[PDB]
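Enquirer: Below is the structure I would like to discuss, written out as structure tokens.
Positions of Cβ are backbone-derived with ideal geometry, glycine not excepted, and every protein chain shown enters the neighbour counts. Only the coordinates and a few stated rules stand behind these numbers; no lab work does.
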Amino acid sequence: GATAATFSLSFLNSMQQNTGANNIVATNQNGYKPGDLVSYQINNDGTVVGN
Amino acid sequence: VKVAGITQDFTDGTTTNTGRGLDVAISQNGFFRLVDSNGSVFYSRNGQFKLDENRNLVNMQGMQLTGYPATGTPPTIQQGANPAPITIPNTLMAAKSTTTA
Amino acid sequence: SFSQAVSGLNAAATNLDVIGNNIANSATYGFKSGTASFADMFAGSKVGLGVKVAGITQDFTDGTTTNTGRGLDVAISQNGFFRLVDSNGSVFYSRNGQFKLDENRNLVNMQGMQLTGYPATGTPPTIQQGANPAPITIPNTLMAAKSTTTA
Amino acid sequence: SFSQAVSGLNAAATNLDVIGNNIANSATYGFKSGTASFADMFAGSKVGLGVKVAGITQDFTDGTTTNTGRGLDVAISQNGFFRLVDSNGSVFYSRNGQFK
Amino acid sequence: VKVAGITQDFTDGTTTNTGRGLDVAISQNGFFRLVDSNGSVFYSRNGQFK
Amino acid sequence: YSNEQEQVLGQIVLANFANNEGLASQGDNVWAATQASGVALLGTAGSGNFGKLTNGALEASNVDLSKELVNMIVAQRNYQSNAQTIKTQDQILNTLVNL
Amino acid sequence: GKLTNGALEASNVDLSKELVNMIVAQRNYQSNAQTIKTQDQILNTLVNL
Amino acid sequence: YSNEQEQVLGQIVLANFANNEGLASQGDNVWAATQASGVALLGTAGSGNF
Amino acid sequence: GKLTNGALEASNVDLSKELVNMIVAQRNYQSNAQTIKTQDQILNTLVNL
Amino acid sequence: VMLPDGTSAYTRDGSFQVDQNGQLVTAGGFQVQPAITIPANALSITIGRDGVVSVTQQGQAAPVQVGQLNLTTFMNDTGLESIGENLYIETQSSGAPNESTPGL
């Protein structure tokens, strides 16, 4: 019953040449599942980052 | 004779490792900015920072470390915002519906 | 005048006492080293009245995990604290894993504080996490038989 | 304070005595090694008053079973304790199985 | 000047092991209650009993 | 048990604090919760912010004696320097009194 | 557990572990003695004032 | 005892005071109750404030 | 208690703890002598005045 | 602090004791305002930087506040008249007593 995710999927930078075989180089997406605090740190430049 | 004044010697000291993740030191110039419970603003070079009961970053005496906060989703350092006490919340981080792939 | 060097001497004595305590606990499972924190004591005048001991900070870093081969030695890697209860019901926390099975069949440490945890209820017993922690006990109570309901 | 150093020295001496006693009993049928358990004694202040020995814990792990060829020596495996009585009726327990 | 008072420092001392079964040490707060031959009530932290 | 059947009797709970350094040591290598340490967050091992348990093993202390035997030297020197300052102030007061 | 006839159960003391623990405990004892010496020198310094 | 049976013979009582300082020391590492210290509150070791 | 034949009961004196106690008592004695010396100096000032 | 006459004196010495009733008094036996009462079964007394007095009881998961210690300031400090026992009283040259929280 949750709202389906509508997203823009892009195949940019892809290429078709005489490679070894059809293979995926990389995949990325900006969504994530719920997560709870695990750790925290103070970076070299001063930013406080929670993992 | 008259005591003209008391001059501090602001030379960098030795940096000794301790292994604590909340422990940080300043090399070269620069001061940590702290805020008292009454709102008075102070500056200190000591780097013994610990997390208090209310999830704020405070030193030994209880003065809150201050800095640029993060706003937005994803949050970003607001360089144009006034410094605010640093807080490390333990609140649940919600999910983001996928937008670009 | 005198109070300046008096405070300095007191701070040095406290630091030496902390170091001696750390050394005396060289081999003590679940012990965390301590370090004294010092601060200035300026009061109006710029002469720097003295120094004071702001407190004692523990170093909550994991120690070495040494194998002993017993089945009641359990070590907490990374963060976490064992929860214990005394005879008054006060709640305490400790990183020690030297638990012994006492005469009443409870899991207690060397000093006798009872280890706490989520109990098991029902048939078949399962851990019900909605309840408050209770002392863990291991009875010899024979296990009764279960007539078959599904084959 | 002298108390912390004295307590640490006493604990180290106790541990060393336990180790020496274990060494002296390397060849002793029915012997179980011992280990001292230490605890700190913080009392009100944060200075760490010292250390104390919370007790001495046995190691009840079965030793190696060595044949001797005599019929009156019985070795015990897994859990269990041999039951004996003295001349006054008191009850005692032992893992040593050298009988006559 | 005038001596305002003579105040004690009731902080717990170190607990030193001796090995006598009749010796008792008090942790935290509390006092041992004693009576002499005259029935007077006294309080003491000294735990060397015989 | 002897009927080749296992039964659970309890699950060890683990507590984590917002401020570990705020815990008050009560001796017997045991800590006590305090307001500075915050309220204890209870949970199970291996979930959330709780590490896993190693069975059959004991966690030793984190005291490094090489480092401590060094420190002690530094603290002795600082203490003796402070005593030197004390004796200097003593000689000062003696000088002023002898007038 | 069952009984083994014609056999005796030896001690479970391993000599190597005992020797290593003896070495470590000796070092700890000497460290504590060094602490005692430190306190001795501190008290001597204060008395000599 | 020798009949593998044990017999409780008493329980040591502990005293706590509202003002530990107001106690007037009588020597012999022994204290005496005083109006400043208030009446002694009796209890058992390891319970309550004891 | 039980009697053991062919054996003698040695003393229960441990040398290490006794040496440490000797050191502590020496320090206490020196501090007390320092107090005595302090009192000797106050009466001198008053007598001289 | 409250004198036996019911009038208010002002002291800077901070060595406080507890009387037989459980209240906070000055080491000279004079009861310091505001009335801050320490209970019988108190384990540890915590007085904060702002004068908030709290105690922790056995079996109670939270510390309990038993009062609030305030500081009195005068526009002219010298004019206060000493009555002994480390106590000053207010005169007409010492202005008027201004109660304030310790940090305000």
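Enquirer: Once amide H atoms are placed 1.01 Å from N in the peptide plane, what residues at a sequence separation of 5 or more from G:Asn12, or on another chain, have their amide H within under 5 Å of its amide H?
Expert: Excluding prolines and chain starts, which carry no amide H, the hits are D:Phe31, D:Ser33.
Enquirer: So what are the ³J(HN,Hα) numbers for the range A:21-32, from phi and the Karplus equation (6.51, -1.76, 1.60; θ = phi - 60°), rounded to whole Hz, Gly and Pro as x?
Expert: Result, ordered by residue: 6, 5, 9, 8, 7, 7, 9, 9, 7, 9, x, 7 Hz.
Enquirer: Moving on. What residues have an amide H closer than 5 Å to that of C:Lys100, excluding those fewer than 5 places away on the same chain, when H is modeled at 1.01 Å from N in the peptide plane?
Expert: C:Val108, C:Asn109
Enquirer: Assuming a viscosity of 1.002 mPa s and a temperature of 20 °C, what translational diffusion coefficient in µm² per second does Stokes-Einstein assign to chain G, Rh being the Kirkwood radius over Cα pairs?
Expert: In µm²/s, the coefficient rounds to 142.
Enquirer: Taking the alpha-carbon distance from B:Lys96 and a cut-off under 17 Å, which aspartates and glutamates remain once sequence neighbours fewer than 8 residues away in the same chain are dropped?
Expert: Straight-distance partners of B:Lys96: A:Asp36.
Enquirer: Averaged over every viewing direction, what's the projected area of the C-alpha convex hull for the protein assembly as shown? Give it in nm², one decimal, please.
Expert: 58.9
Enquirer: Under 15 Å from a point placed 7 Å out from the Cα of J:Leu71 along the Cα-to-Cβ direction: which residues of the range J:6-28 have their backbone N that close?
Expert: Under cut-off, by backbone N: J:11-15.
Enquirer: At q = 0.20, 0.22, 0.30, 0.33 Å⁻¹, what is the log10 ratio I(q)/I(0) for the range E:6-50, with the Debye formula run over Cα points and no solvent?
Expert: With no solvent term, the Cα-only Debye profile gives -0.80, -0.91, -1.18, -1.25.
Enquirer: Kindly identify chain A as rounded, prolate or oblate by the Cα gyration tensor criterion: order the square roots of the eigenvalues as a ≥ b ≥ c, call it rounded if a/c is under 1.5, otherwise compare a/b with b/c, prolate if a/b is larger, else oblate.
Expert: Oblate is the answer for chain A, as a/c is 1.5 or above yet b/c matches or exceeds a/b.
Enquirer: When the Cα centres of the range C:6-23 and the range A:36-51 are compared, how far apart do they sit, in Å?
Expert: Centre-to-centre distance over Cα atoms comes out at 34 Å.
Enquirer: Give the average over all directions of the projected area of the C-alpha convex hull of chain J, one decimal, in nm².
Expert: Seen from a random direction, the Cα hull of chain J projects 7.1 nm² on average.
Enquirer: What's the center-to-center distance, using Cα atoms, between the range J:22-85 and chain H in Å?
Expert: 28
Enquirer: Using modelled amide H (1.01 Å from N, peptide plane; none on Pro or chain starts), what sits under 5 Å from the amide H of C:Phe38, excluding residues fewer than 5 places away?
Expert: Residues meeting the amide H criterion: C:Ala54.
Enquirer: Using a 10 Å cut-off around each Cβ, can you sort F:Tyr79, J:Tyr10 from fewest to most neighbouring Cβ atoms?
Expert: Fewest-to-most ranking of F:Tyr79, J:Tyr10: J:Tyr10, F:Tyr79.
Enquirer: Next question. If one computes P(r) from the Cα atoms of chain F, what percent of pairs lie at distances over 18 Å?
Expert: 75
Enquirer: A further question on this structure: Based on DSSP H runs of at least 4 residues, each adding -39500 (n - 2.57), what is the mean residue ellipticity at 222 nm of chain F after dividing by all its residues, to the nearest 500 deg cm²/dmol?
Expert: -12000 deg cm²/dmol
Enquirer: How far is helix D:2-24 tilted, in degrees, relative to the longest principal axis of the Cα atoms in chain D, given as a value from 0 to 90 rounded to the nearest 10?
Expert: The two axes meet at around 20 degrees.
Enquirer: Calculate one ³J(HN,Hα) per residue across the range D:91-100 by plugging θ = phi - 60° into the Karplus curve 6.51 cos²θ - 1.76 cosθ + 1.60, and present them in order as whole Hz with x for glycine and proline.
Expert: Using θ = phi - 60°, the values come out as 9, 9, 9, 8, 8, 6, x, 8, 10, 8 Hz.
Enquirer: Sum -39500 (n - 2.57) across every DSSP H segment of at least 4 residues in chain C, then divide by the residue count to get the 222 nm mean residue ellipticity, nearest 500.
Expert: So the calculated ellipticity at 222 nm is -5500 deg cm²/dmol.
Enquirer: Distance cut-off 20 Å, Cα to Cα: go down the list B:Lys50/F:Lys67; C:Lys32/F:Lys67; D:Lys32/F:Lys52 and report the pairs above it.
Expert: B:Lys50/F:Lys67; D:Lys32/F:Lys52, as the Cα separations exceed 20 Å there.
Enquirer: Karplus couplings for the range F:84-95 from phi (6.51 cos²θ - 1.76 cosθ + 1.60, θ = phi - 60°), rounded to Hz, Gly and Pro as x?
Expert: Once rounded to whole Hz, the list reads 4, 4, 4, 5, 4, 5, 4, 5, 4, 5, 4, 4.
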